[PDB]
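Asks: My questions will all concern the structure given below.
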Protein chains: 4
Amino acid sequence: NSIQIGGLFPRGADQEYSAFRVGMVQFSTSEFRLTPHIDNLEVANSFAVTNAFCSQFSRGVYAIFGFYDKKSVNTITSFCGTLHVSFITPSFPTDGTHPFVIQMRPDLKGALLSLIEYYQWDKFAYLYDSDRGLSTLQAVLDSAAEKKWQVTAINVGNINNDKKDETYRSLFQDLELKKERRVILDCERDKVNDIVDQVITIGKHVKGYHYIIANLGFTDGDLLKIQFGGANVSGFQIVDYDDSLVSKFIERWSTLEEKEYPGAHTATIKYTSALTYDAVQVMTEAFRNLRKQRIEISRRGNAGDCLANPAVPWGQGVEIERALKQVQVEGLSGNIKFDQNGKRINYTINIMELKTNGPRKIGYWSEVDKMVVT
Amino acid sequence: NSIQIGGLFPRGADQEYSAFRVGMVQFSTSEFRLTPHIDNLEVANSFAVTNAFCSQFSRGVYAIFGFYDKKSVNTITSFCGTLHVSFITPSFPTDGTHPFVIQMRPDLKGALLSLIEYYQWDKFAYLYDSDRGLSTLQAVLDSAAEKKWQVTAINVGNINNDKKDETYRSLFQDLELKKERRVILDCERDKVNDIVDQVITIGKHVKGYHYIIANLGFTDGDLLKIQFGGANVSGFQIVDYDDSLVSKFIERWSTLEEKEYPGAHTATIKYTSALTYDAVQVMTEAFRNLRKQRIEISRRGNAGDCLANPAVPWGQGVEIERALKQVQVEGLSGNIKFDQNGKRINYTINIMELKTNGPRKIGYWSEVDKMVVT
Amino acid sequence: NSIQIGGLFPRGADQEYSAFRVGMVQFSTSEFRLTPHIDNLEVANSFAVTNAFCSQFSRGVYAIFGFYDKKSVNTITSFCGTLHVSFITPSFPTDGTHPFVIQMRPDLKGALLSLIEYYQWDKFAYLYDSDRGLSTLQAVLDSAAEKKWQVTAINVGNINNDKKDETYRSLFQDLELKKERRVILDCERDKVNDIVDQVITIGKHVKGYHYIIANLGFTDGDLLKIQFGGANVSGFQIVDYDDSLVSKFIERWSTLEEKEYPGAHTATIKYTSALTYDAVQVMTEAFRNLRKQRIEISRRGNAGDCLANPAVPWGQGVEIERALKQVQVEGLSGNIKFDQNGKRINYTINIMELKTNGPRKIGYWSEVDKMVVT
Amino acid sequence: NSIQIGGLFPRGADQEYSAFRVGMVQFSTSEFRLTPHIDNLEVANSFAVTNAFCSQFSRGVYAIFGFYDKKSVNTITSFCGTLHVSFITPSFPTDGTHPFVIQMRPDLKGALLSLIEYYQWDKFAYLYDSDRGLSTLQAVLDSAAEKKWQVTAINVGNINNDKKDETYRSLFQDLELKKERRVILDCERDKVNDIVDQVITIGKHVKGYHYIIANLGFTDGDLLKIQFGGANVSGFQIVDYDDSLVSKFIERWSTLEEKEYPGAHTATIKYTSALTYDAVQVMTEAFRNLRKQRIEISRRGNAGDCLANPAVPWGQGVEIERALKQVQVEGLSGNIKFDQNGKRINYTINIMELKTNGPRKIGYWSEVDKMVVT
Ligand SMILES: *[C@@H]1O[C@H](CO)[C@@H](O[C@@H]2O[C@H](CO)[C@@H](O[C@@H]3O[C@H](CO)[C@@H](O)[C@H](O)[C@@H]3O)[C@H](O)[C@H]2NC(C)=O)[C@H](O)[C@H]1NC(C)=O
Ligand SMILES: *[C@@H]1O[C@H](CO)[C@@H](O[C@@H]2O[C@H](CO)[C@@H](O[C@@H]3O[C@H](CO)[C@@H](O)[C@H](O)[C@@H]3O)[C@H](O)[C@H]2NC(C)=O)[C@H](O)[C@H]1NC(C)=O
Ligand SMILES: *[C@@H]1O[C@H](CO)[C@@H](O[C@@H]2O[C@H](CO)[C@@H](O)[C@H](O)[C@H]2NC(C)=O)[C@H](O)[C@H]1NC(C)=O
Ligand SMILES: *[C@@H]1O[C@H](CO)[C@@H](O[C@@H]2O[C@H](CO)[C@@H](O)[C@H](O)[C@H]2NC(C)=O)[C@H](O)[C@H]1NC(C)=O
Ligand SMILES: *[C@@H]1O[C@H](CO)[C@@H](O)[C@H](O)[C@H]1NC(C)=O
């Protein structure tokens with residue numbers, strides 16, 4: 001017995017595929033090994049996404065894995081809900097419940113607002129980018145209306161990097177004359193690097209400037225640049241380099257080669273690859289459970305076409321979904337347990353503060369409890 | 001001749017289809033005819049939208065008319081840009097550049113900001129509905145940062161229709177706490193109607209307050225239940241009922257046998273229906289210019305499917321776009337001229353106020369010239 | 001042993017006839033049965049009233065139930081007092097003392113004056129209607145002269161359904177001129193509803209005002225519109241929904257259907273229909289008491305003619321009157337007991353306020369004890 | 001040329017019947033005669049009024065003359081407007097439009113308010129009775145709210161005679177609370193006489209106190225009982241004993257004995273009798289106009305009864321209305337012209353002021369022209 005799945009990846013994501021492959025070989029059960037059919041593409045292009053989805057569907061697949069973007073999420077969820085097909089993804093959670101989706105990335109509004117309240121903040125600048133949804137923006141606006149914060153929201157994605165050098169100085173002079181020292185960067189890792197580059201270029205990271213990063217990849221980017229800048233820099237992390245699971249994994253990982261396993265001859269891993277590992281873990285766990293419950297959801301014939309009207313659902317997929325969301329596992333990202341919808345719950349996020357010696361875990365946040373300090 | 005096209009109407013757009021039929025019968029002639037294949041659907045279901053698009057593309061149409069929403073726009077844009085088939089629509093404009101799309105609804109951010117500057121506001125509230133987009137919210141936030149305002153933003157989209165009575169009351173109570181007299185509603189017609197009902201109920205339409213309907217359909221809502229409260233009320237209009245063309249159209253529209261043409265026996269008309277009328281007009285003019293240019297625009301049953309891998313378009317489509325964006329004509333919305341990206345230009349927006357003796361066009365706004373008073 | 005009676009109802013009073021039947025079946029048989037002959041008619045047309053009265057007196061009835069108006073009351077009073085035929089009615093009591101008339105409606109003047117003294121008013125407005133008499137107006141004017149008040153009286157009855165909005169708006173504007181915030185409506189359900197709609201339209205139900213509905217139908221009106229405006233709204237009630245008999249009756253009453261029992265599938269009930277039910281109870285009790293006293297009230301022959309000269313009144317009629325003015329029971333309206341003139345006594349009027357949570361009683365008013373607080 | 005009519009008179013009306021006979025004489029056209037069937041009754045008893053009406057309608061009458069009060073007017077209006085039967089009366093007009101009713105008495109609100117203004121009044125009192133309608137009271141309160149008056153209204157018709165000494169005493173003492181020196185008396189003849197008697201008893205008839213008689217007969221009561229005292233006293237006069245016609249009539253009125261013509265040997269005549277005279281005159285004139293228009297209105301004791309179901313009128317009746325509301329003569333009351341409703345149009349009232357010498361005509365009030373000076 002062997003289950004066939006479909007994988008969707010962007011054009012330029014080597015480390016995530018490396019993690020997927022190493023997880024496949026590690027967790028490979030001689031009882032049943034998985035056969036993934038891979039499709040690389042431009043995740044933003046919804047046409048290519050739909051073409052790939054239809055191709056995987058015509059191949060008779062029970063579950064799909066891959067990333068989605070802001071311009072490719074609604075079609076994904078709609079297809080999954082209409083065909084009752086399972087889509088696993090470490091990408092940003094959806095702006096609301098969406099059945100038949102497995103979110104391996106935890107929310108961030110909670111821990112972020114907790115950190116804010118903890119540092120006793122009342123005024124700051126939220127520099128955001130429309131890449132992972134705008135739920136955090138709406139969340140902070142609501143919490144500002146609640147606690148009466150004088151927050152200033154500013155988008156940066158529409159600004160061309162070419163012309164985004166003079167407007168930068170303009171807005172920074174505005175912040176200086178307004179004394180907007182506190183900032184929150186809800187942007188992508190690459191954009192975060194670009195912005196810290198511009199900052200080091202202007203040197204506006206003097207004492208008082210308390211920078212916060214609204215992402216889980218704190219140690220992923222470059223922080224040795226602002227290490228000794230005397231600037232309050234904070235962030236979150238989801239993978240703990242302290243536990244033994246992560247330690248043995250990173251051993252076996254950095255002990256690899258960048259020839260057949262790109263982006264794997266180092267230590268600093270990206271939370272995306274860790275969530276891919278955990279997703280392979282949960283997938284094999286759910287398939288083992290389905291095989292042990294005496295349930296054979298194996299389709300006799302091909303699932304057929306996607307655009308074929310009317311919709312052609314099937315209950316074995318509903319059982320698959322109920323199986324994925326009936327799981328409780330450990331991985332590089334900590335504890336893993338989903339609710340009835342598909343989100344991830346019972347998790348912990350390690351808060352980190354940048355210092356001269358380097359980053360230090362200054363506490364942890366969870367859902368049952370608020371932010372904790374150690 | 002006889003040229004066929006498609007229509008992607010929602011389930012609940014009757015006035016729009018009525019105006020579509022009206023334009024079809026009026027602008028029609030013997031030079032050729034327009035054959036629309038219509039589809040009434042759930043416009044948020046990206047799966048259904050994709051099915052309808054692929055269908056109308058298999059039939060070999062030359063263009064498409066219809067609608068979309070935040071949960072269906074990227075699919076349409078990518079499909080049209082990959083297949084080079086055009087797509088006309090009165091729905092909200094795309095937050096960016098997108099080819100093979102003709103957007104009939106002009107932008108609103110500019111006129112809104114000009115009006116706010118005219119009234120010289122510094123601290124106010126903004127009630128938005130996530131279900132329609134947030135570009136305007138982001139624009140106003142940027143302008144506030146650049147102008148030191150106090151914008152209290154609030155989402156009213158997640159509010160179901162089962163208990164949306166105490167929610168608004170608590171909301172406006174909280175606003176009264178913050179001493180919020182000035183408000184801006186960026187919502188559809190039904191939502192603004194409900195909000196106004198609750199305002200009246202809590203008696204918040206009296207002198208001292210202000211309201212601004214961030215929509216081109218000012219006189220389309222039941223603006224009479226508040227015309228006598230005593231509160232400032234401003235808004236925007238795109239159809240000028242004091243023009244010759246609008247009156248000559250109403251002469252035939254108010255006598256249309258509503259049973260036959262739903263939502264027709266009246267003198268009011270939603271701006272979506274007017275933009276649909278203008279859309280029929282512009283596509284007719286474009287195909288007429290094209291047929292009168294000595295170009296072979298013959299297309300046979302050689303399209304087939306939409307998921308063709310590789311996906312090859314037909315190069316004649318690019319011509320239609322070049323001809324659909326080279327139209328400079330007048331209609332219910334006023335002047336109509338498009339740019340290279342499909343957005344509208346050289347347009348006018350009548351800034352209206354509400355007085356006890358009815359609304360009155362206090363001024364006009366444009367993109368080349370800022371707000372103008374009279 | 002079926003006892004014949006008559007009934008006079010307007011054209012539009014169906015809830016009242018429904019309650020009449022409910023009562024006829026509740027007290028159906030103690031030692032006998034009843035038999036009503038109904039007549040619907042324009043009650044303000046004294047000609048039809050006279051025709052009905054004469055037709056019923058010809059059928060040899062022992063009593064009569066029905067309504068009247070300001071312009072159909074002297075006819076009833078005279079005919080009854082000359083022919084010795086009782087007349088039970090919930091309509092407005094007479095502007096004086098008249099025999100052979102049982103007025104089931106209590107007087108509202110005393111409680112209204114006590115309430116006005118309680119709120120300590122000195123200058124206010126009184127909106128009256130030429131519908132049920134001006135006795136209240138005369139009483140309040142006299143008490144004003146005796147207490148140095150400033151009453152602004154306005155008639156709102158002699159206006160058609162063609163300029164209502166203009167009339168009410170101009171009226172309340174004239175009020176605003178005098179800075180009048182305290183108002184008293186002596187109108188009925190329809191008029192108060194219209195006035196409330198209009199005052200909401202102009203926004204005068206907000207904090208800083210005070211209204212008093214001078215009718216026992218406080219809850220019977222639609223107050224849900226102004227429950228949240230923030231303005232005082234006082235009123236009177238005669239049926240305590242929080243009682244035992246009222247609760248059992250409303251349980252038995254809301255279960256019925258609007259097909260056989262119009263206006264009998266709700267939780268509320270107008271004081272007119274409640275008084276109708278109580279009147280059925282009164283008539284039953286009186287005739288049963290007569291049967292207990294062993295009185296053969298049978299006619300020796302036919303009643304005769306309604307206009308016979310010399311008009312001869314059958315003596316037994318007098319005794320009937322006594323049995324109607326001697327009974328004391330407990331019903332919806334409360335302690336039902338009459339005096340030697342037909343009026344009501346030992347009654348209780350529950351004063352009510354409209355708080356945001358809903359109409360919550362504050363006290364009660366009696367004839368021996370003035371307004372009580374609670 | 002022999003017409004039978006009906007007359008309704010109170011039990012105690014002498015001057016009115018005397019004038020009726022004198023008029024039937026002075027207009028006994030040799031062409032045709034008017035045979036009256038007279039009925040003396042208690043006009044405050046709707047039963048007797050209706051019985052008499054039916055008796056006269058049975059004997060085949062074409063027109064009916066008589067009086068009524070606030071307790072018998074709606075009966076008359078309904079019976080007439082239903083059976084299409086004319087009813088002439090000098091009694092108080094009807095508040096509204098009631099067809100088939102000739103109202104020879106002019107209204108009084110106009111001249112009354114015009115006088116109030118001509119004397120520059122701002123605050124005063126108004127003692128009325130409930131026996132002739134509250135129209136004047138309502139008009140006064142309306143024009144007060146419109147002209148910012150401080151008016152103290154009182155009802156003095158609900159009190160007996162023995163309890164007047166104390167009641168009137170306390171009433172006047174309270175009236176002096178606001179130091180009232182200007183009062184209006186909209187009462188009957190006996191009422192005003194008792195009022196002025198109690199006044200002189202209390203001694204408040206001295207200068208400073210201004211009284212007004214709100215009626216047309218400011219010559220009949222004790223014009224001299226309170227004359228001496230220099231106290232401002234005013235009044236109205238519909239008749240003018242100086243005119244030639246009135247003098248030629250009074251010359252015979254006085255000479256005429258009292259036995260066969262009770263209440264006749266005098267020089268002053270209660271306005272009711274003058275209007276009775278004018279009524280006979282106009283009825284003769286109308287029947288003459290009809291007999292001249294070559295019209296047959298043959299009617300007799302065949303029309304049937306009053307309570308017939310369904311009450312059917314007869315066409316030839318309506319014409320008589322057009323024959324009474326479309327005539328014009330010059331009698332005691334002056335120019336007589338009616339409208340489509342039945343009331344007068346172009347009457348000329350005279351004003352009178354009392355001095356130690358006697359009454360003196362001040363000016364005259366009309367409908368088109370307001371008060372006038374001589
Ligand atoms: C940057 O990081 C340093 C790390 O220690 C922060 O230092 C201490 O942090 C607290 C809170 O994070 C600061 O204080 C608060 O103190 C003010 C009084 O100044 C009080 O009103 C507030 O209620 C709150 O308790 C404190 O000033 C700061 N420094 C010291 C010497 O304790 C620092 O706050 C972080 N932010 C910046 C802008 O440096
Ligand atoms: C509703 O609209 C009326 C329009 O009359 C607004 O009255 C407006 O009143 C304000 C008062 O602050 C005026 O502002 C002023 O101009 C004078 C003279 O330059 C200046 O000295 C003041 O400091 C203030 O800036 C405003 O001009 C006037 N409207 C217009 C069109 O001129 C009323 O405020 C509006 N209601 C609300 C709630 O906004
Ligand atoms: C409305 O109701 C409030 C609360 O009952 C009234 O406020 C009272 O008004 C009197 C004046 O008559 C004040 O002395 C009191 O302090 C007020 N509060 C209380 C708790 O008694 C108010 O007057 C009423 N009328 C209006 C127009 O608001
Ligand atoms: C009573 O009548 C007299 C004259 O007949 C009125 O008198 C003068 O009238 C002018 C007109 O406004 C007033 O300004 C004077 O005050 C009047 N003089 C006096 C001595 O009163 C008078 O106004 C009338 N009213 C009263 C109450 O006497
Ligand atoms: C805008 O449109 C109007 C109407 O067609 C036209 O007259 C005007 O020239 C246009 N503006 C420009 C800049 O072309």
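Identifiers for the structure tokens are assigned positionally: chains receive A, B, ... in sequence, residues are indexed from 1 per chain, and ligands are indexed from 1 in the order shown.
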Pick out the chain B residues within 6 Å of chain A. Count only C-alpha atoms. Give them as a list in words.
Replies: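 Interface list for chain B against chain A: residues 46, 47, 51, 71, 74, 75, 78, 79, 142 and 307 of chain B.
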Asks: To test your reading of the structure, identify every residue in range 78-135 of chain C that backbone DSSP assigns to helix (DSSP H, G or I), and report it as an MDAnalysis selection string.
Replies: chainID C and resid 78:83 109:119 135
Asks: Please write out the residues within 9 Å of ligand 4 as JSON, numbers by chain, counting only C-alpha atoms and all ligand atoms.
Replies: {"D": [119, 120, 181, 182, 207, 208, 209, 210, 211, 230, 231, 232, 233, 353, 355]}
Asks: Given a cut-off of 7 Å, what residues near ligand 5 show up using only C-alpha atoms and all ligand atoms, put as an mmCIF file with N, CA and C atoms, in the first residue's frame?
Replies:
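Everything below was put into result-v1.cif:
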data_model
loop_
_atom_site.group_PDB
_atom_site.id
_atom_site.type_symbol
_atom_site.label_atom_id
_atom_site.label_comp_id
_atom_site.auth_asym_id
_atom_site.auth_seq_id
_atom_site.Cartn_x
_atom_site.Cartn_y
_atom_site.Cartn_z
ATOM 1 N N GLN B 328 -13.945 57.281 -26.297
ATOM 2 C CA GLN B 328 -14.155 58.557 -25.616
ATOM 3 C C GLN B 328 -15.583 58.981 -25.936
ATOM 4 N N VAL B 329 -16.516 58.651 -25.043
ATOM 5 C CA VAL B 329 -17.937 58.867 -25.299
ATOM 6 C C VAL B 329 -18.642 59.283 -24.015
ATOM 7 N N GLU B 330 -19.885 59.725 -24.166
ATOM 8 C CA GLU B 330 -20.688 60.205 -23.053
ATOM 9 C C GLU B 330 -21.806 59.220 -22.748
ATOM 10 N N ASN B 335 -18.680 61.719 -18.877
ATOM 11 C CA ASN B 335 -17.644 61.432 -19.853
ATOM 12 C C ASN B 335 -17.001 60.091 -19.541
ATOM 13 N N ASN B 346 -10.524 61.634 -16.905
ATOM 14 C CA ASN B 346 -11.296 62.778 -17.383
ATOM 15 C C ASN B 346 -12.759 62.647 -16.982
#
Asks: Just want the 7 Å neighbourhood of residue 100 in chain D, counted on only C-alpha atoms, with same-chain residues fewer than 6 positions away dropped. Output as a list in words.
Replies: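 The residues that qualify are residues 80, 81, 84, 85, 86, 87 and 321 of chain D.
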Asks: If I take CA of residue 229 in chain D and CA of residue 356 in chain D, how far is one from the other in Å, to one decimal?
Replies: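 According to the coordinates, CA of residue 229 in chain D and CA of residue 356 in chain D are separated by 7.3 Å.
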Asks: How would you write, as a PyMOL selection string, the set of residues in range 153-357 of chain B that DSSP gives as strand (DSSP E)?
Replies: chain B and resi 153-155+183-186+210-213+232-237+328-331+334-338+344-345+349-355
Asks: Residues at most 9 Å from residue 344 in chain C, counting only C-alpha atoms, excluding those fewer than 4 positions away in the same chain, as a list in words?
Replies: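 That gives residues 102, 103, 104, 105, 106, 107, 336, 337, 338 and 339 of chain C.
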Asks: For CA of residue 262 in chain C and CA of residue 19 in chain C, determine how far apart the two atoms are, in Å to one decimal place.
Replies: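 CA of residue 19 in chain C lies 9.4 Å from CA of residue 262 in chain C.
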Asks: Pick out the residues sitting within 10 Å of residue 88 in chain D, and hand them over as a PyMOL selection string; count only C-alpha atoms, and ignore anything fewer than 4 positions along from it in its own chain.
Replies: chain D and resi 7+63-67+100-104+276+279-280+283+324+342
Asks: Please provide as a ChimeraX atom specification all residues within 12 Å of residue 300 in chain B, with the sequence filter that same-chain residues fewer than 3 positions apart are discarded (counting only C-alpha atoms).
Replies: /B:3-4,57-62,297,303-304,314
Asks: Can I get the selection written as a short mmCIF file (atom, residue, chain, number, x, y, z; two decimals), in the first residue's frame, with N, CA and C atoms?
Replies:
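Output file result_16.cif is given in full below:
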data_model
loop_
_atom_site.label_atom_id
_atom_site.label_comp_id
_atom_site.auth_asym_id
_atom_site.auth_seq_id
_atom_site.Cartn_x
_atom_site.Cartn_y
_atom_site.Cartn_z
N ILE B 3 -22.17 39.29 -33.18
CA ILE B 3 -21.03 39.03 -32.31
C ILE B 3 -21.56 38.58 -30.96
N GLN B 4 -20.97 37.52 -30.42
CA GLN B 4 -21.43 36.92 -29.18
C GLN B 4 -20.47 37.27 -28.05
N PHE B 57 -15.74 30.82 -22.46
CA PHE B 57 -14.57 30.86 -23.32
C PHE B 57 -14.59 29.73 -24.34
N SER B 58 -15.13 28.57 -23.97
CA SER B 58 -15.24 27.47 -24.91
C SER B 58 -16.19 27.81 -26.05
N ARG B 59 -17.27 28.52 -25.74
CA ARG B 59 -18.24 28.91 -26.76
C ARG B 59 -17.67 29.88 -27.78
N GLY B 60 -16.47 30.40 -27.55
CA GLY B 60 -15.81 31.23 -28.54
C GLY B 60 -16.20 32.68 -28.51
N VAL B 61 -16.57 33.21 -27.35
CA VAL B 61 -16.97 34.60 -27.22
C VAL B 61 -15.78 35.50 -27.51
N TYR B 62 -16.05 36.79 -27.72
CA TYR B 62 -15.02 37.77 -27.99
C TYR B 62 -14.74 38.68 -26.80
N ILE B 297 -12.00 39.79 -37.92
CA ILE B 297 -12.16 39.44 -36.52
C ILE B 297 -12.92 38.12 -36.42
N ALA B 303 -11.45 27.30 -29.91
CA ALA B 303 -10.96 27.62 -28.57
C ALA B 303 -10.90 26.37 -27.70
N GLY B 304 -12.03 25.71 -27.50
CA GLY B 304 -12.06 24.46 -26.78
C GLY B 304 -12.14 24.62 -25.28
N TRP B 314 -5.34 33.66 -28.27
CA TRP B 314 -5.48 34.06 -29.67
C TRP B 314 -5.10 35.53 -29.77
#
Asks: Have a look at CA of residue 371 in chain B and CA of residue 248 in chain B and let me know their distance in Å, one decimal.
Replies: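 Rounded to one decimal, the two atoms are 28.5 Å apart.
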Asks: May I have the residues within 8 Å of residue 323 in chain B as a ChimeraX atom specification, using only C-alpha atoms and disregarding those fewer than 6 positions away in the same chain?
Replies: /B:286-287,289-290
Asks: Take the residues just selected and output them with N, CA, C and O atoms as an mmCIF file, in the first residue's frame.
Replies:
data_model
loop_
_atom_site.group_PDB
_atom_site.id
_atom_site.type_symbol
_atom_site.label_atom_id
_atom_site.label_comp_id
_atom_site.auth_asym_id
_atom_site.auth_seq_id
_atom_site.Cartn_x
_atom_site.Cartn_y
_atom_site.Cartn_z
ATOM 1 N N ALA B 286 -16.981 50.030 -29.626
ATOM 2 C CA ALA B 286 -15.687 49.433 -29.926
ATOM 3 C C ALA B 286 -15.801 48.442 -31.072
ATOM 4 O O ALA B 286 -15.025 48.494 -32.033
ATOM 5 N N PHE B 287 -16.760 47.522 -30.982
ATOM 6 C CA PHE B 287 -16.941 46.558 -32.058
ATOM 7 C C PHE B 287 -17.331 47.248 -33.356
ATOM 8 O O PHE B 287 -16.948 46.792 -34.438
ATOM 9 N N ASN B 289 -16.359 50.372 -34.326
ATOM 10 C CA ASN B 289 -15.124 50.931 -34.859
ATOM 11 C C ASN B 289 -14.249 49.839 -35.451
ATOM 12 O O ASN B 289 -13.591 50.043 -36.477
ATOM 13 N N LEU B 290 -14.236 48.667 -34.819
ATOM 14 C CA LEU B 290 -13.375 47.587 -35.280
ATOM 15 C C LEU B 290 -13.871 47.019 -36.602
ATOM 16 O O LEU B 290 -13.084 46.809 -37.531
#
Asks: Nearest residue to residue 277 in chain C out of C:34, C:312, C:332, C:224, using only C-alpha atoms?
Replies: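 The closest residue to residue 277 in chain C is C:332.
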